[PDB]
Amino acid sequence: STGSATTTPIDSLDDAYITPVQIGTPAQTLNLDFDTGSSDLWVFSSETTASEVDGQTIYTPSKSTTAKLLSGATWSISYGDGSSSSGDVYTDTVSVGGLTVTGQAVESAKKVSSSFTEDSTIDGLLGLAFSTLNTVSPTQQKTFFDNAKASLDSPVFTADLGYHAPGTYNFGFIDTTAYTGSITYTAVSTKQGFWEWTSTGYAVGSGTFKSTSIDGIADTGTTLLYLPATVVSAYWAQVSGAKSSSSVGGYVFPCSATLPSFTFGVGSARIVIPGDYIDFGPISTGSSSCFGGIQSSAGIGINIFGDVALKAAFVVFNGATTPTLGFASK
Ligand SMILES: NCc1ccc(C(F)(F)F)cc1
Ligand SMILES: NCc1ccc(C(F)(F)F)cc1
């Protein structure tokens, strides 16, 4: 079997992408943030503290004839940005673009942090990292991808994120019409539960390519590109007036500047991120200082190839017994 669903930016900056997901019987459609950096499927629900819901569509297990409470199971998750949420667990039928999984763990939020409440467009997250990171206790649960794997034509899913435009998540097949040239595959380490890989280097604009190993994770759930301080300094040194701002919390640049592209290596292949992808607009309404889409990972502890990088490519998440990541230009 296969599945295919359109994913849409939530705002004019591509801060996140939402994908419609059908939960329960009859279907309740929620717009979920597909997150290859986490492994919990959790949703706003009829159980969420009422003052913490502000415009989200909620899942109501009592209205689903297939929903079963997972007795004694709880979940609690903290994301690298300081966001958090927690609740109890149901099992229900979950479908993504025609692909159906029965008995999927659906984690019902009882409490969510303020950053989730303020995001009216995101009804929850669908985690697509490895199931070892799932936070359900005392019995760990599998991700949607892991549950669907056996029935997929091929144990893969692909992320084709758009720049200021809709894109596609496919499950079970590779759309050979969606990319140019060849797909370059690279080894994945699952030892931390992430889609962790090693980039072979980088270049700034039309500059010389620097061969150097950059270990990082492919994370559709993170907006920006977080890279080591040396690399990020080399990039912003090429933008007149750019500086690192402690009050803003990262590199800013004059909004009148034109940004150079950024190239990262995948084996012997190269993915080019156009400079316009790195512009995230004024730091505050009306400001002439703009926020950069490439930032330092020094405070994070790990390099993150987030949406800024992934939307420049067609990305294959190959969940075979030896998992790999594929990157193609598009
Ligand atoms: N998108 C989920 C996510 C968020 C943060 C991290 C961090 F901070 F641990 F790198 C990994 C994965
Ligand atoms: N990396 C996972 C993640 C995704 C979105 C959010 C937001 F936008 F709701 F804050 C937090 C954490």
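To match Swiss-Prot, the residue numbers of chain A are left as they are there, and the shown ones run 90-419.
Each residue, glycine too, has its Cβ placed from N, Cα and C.
For reference, Swiss-Prot has these:
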ACT_SITE  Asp124  active site
ACT_SITE  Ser288  active site
DISULFID  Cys344-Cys379  disulfide bond
DOMAIN    106-417  domain 'Peptidase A1'
Neighbour count, 10 Å Cβ-Cβ cut-off, for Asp124 (active site): what number do you get?
22
Disulfide-bonded residues: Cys344, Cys379 - member with fewest neighbouring CB atoms within 10 Å:
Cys344
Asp124 (active site) versus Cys344 (disulfide bond) - Cα distance in angstrom:
30
Those residues of the chain, 6+ apart, with a Cβ under 8 Å from that of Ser288 (active site):
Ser302, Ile303, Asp304, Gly305, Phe353, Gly354, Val355, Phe394
Could you give the Cα-Cα distance between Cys379 (disulfide bond) and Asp124 (active site), in whole Å?
26
Anything from the recorded positions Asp124, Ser288, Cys344, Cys379 with its Cβ under 6 A from ligand 1? List those in sequence order.
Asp124
For ligand 2, which among the recorded positions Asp124, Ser288, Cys344, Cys379 have a CB under 6 Å from it?
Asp124
